[PDB]
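Read top to bottom, the protein sequences are chains A and B.
Counted the way full-length UniProt numbering counts, the first sequence spans residues 3 to 73.
Counted the way full-length UniProt numbering counts, the second sequence spans residues 196 to 248.
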Amino acid sequence: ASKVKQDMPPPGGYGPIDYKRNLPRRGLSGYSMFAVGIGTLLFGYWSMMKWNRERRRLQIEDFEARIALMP
Amino acid sequence: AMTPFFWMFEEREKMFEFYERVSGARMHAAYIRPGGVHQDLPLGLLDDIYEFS
């Protein structure tokens, strides 16, 4: 009557199983990274130049006010 | 490092589930006997092994 029934793989087998290493490269050359670093350094230098010159002028103005008030 | 320990002990827990389903014991299974194995696999074990692997 009944037939044999046990754990067997399905007909046609199972699908392929990935086993190879997969470590993809994110991707950016060293030249590009160094250029980005130097560029942001230069931008910071320029902004600091302008801001510190303005600060020098402001300090000179304050010193002038003190000089006027001194006598 | 201490993070991959947990990352991979989750998978170890899954393989312990396979052990328990095949034998009823997670670690000290005593499944492989000197004449073969103790019992035939559960009807749904192979599909779950494929899903894990």
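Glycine residues also receive a C-beta, built at the ideal position from the N, C-alpha and C atoms.
Looking at the strands, I want to know which residues DSSP matches up with residue i.
{"i": "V232 (chain B)", "result": "B:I227"}
Just checking my contact of residue i with residue j at CB under 8 Å: how many whole Å lie between their CB atoms?
{"i": "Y214 (chain B)", "j": "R221 (chain B)", "result": "5 Å"}
Taking the straight line between their C-alpha atoms, what separation do you get for residue i and residue j?
{"i": "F204 (chain B)", "j": "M50 (chain A)", "result": "52 Å"}
{"i": "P73 (chain A)", "j": "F65 (chain A)", "result": "14 Å"}
{"i": "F201 (chain B)", "j": "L25 (chain A)", "result": "21 Å"}
{"i": "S31 (chain A)", "j": "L43 (chain A)", "result": "19 Å"}
{"i": "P12 (chain A)", "j": "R216 (chain B)", "result": "20 Å"}
{"i": "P18 (chain A)", "j": "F45 (chain A)", "result": "53 Å"}
From the DSSP output, in three-state form, read off residue i for me.
{"i": "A37 (chain A)", "result": "helix"}
{"i": "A196 (chain B)", "result": "coil"}
{"i": "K7 (chain A)", "result": "coil"}
{"i": "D243 (chain B)", "result": "helix"}
{"i": "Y47 (chain A)", "result": "helix"}
{"i": "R28 (chain A)", "result": "coil"}
{"i": "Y214 (chain B)", "result": "helix"}
{"i": "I19 (chain A)", "result": "coil"}
{"i": "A70 (chain A)", "result": "helix"}
Please name the residue, chosen from the options, that lies closest to residue i on a Cα-to-Cα basis.
{"i": "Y33 (chain A)", "options": "A:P26, A:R27 and A:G41", "result": "A:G41"}
{"i": "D243 (chain B)", "options": "A:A3, A:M10, A:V6 and A:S4", "result": "A:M10"}
{"i": "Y245 (chain B)", "options": "B:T198, B:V232 and B:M210", "result": "B:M210"}
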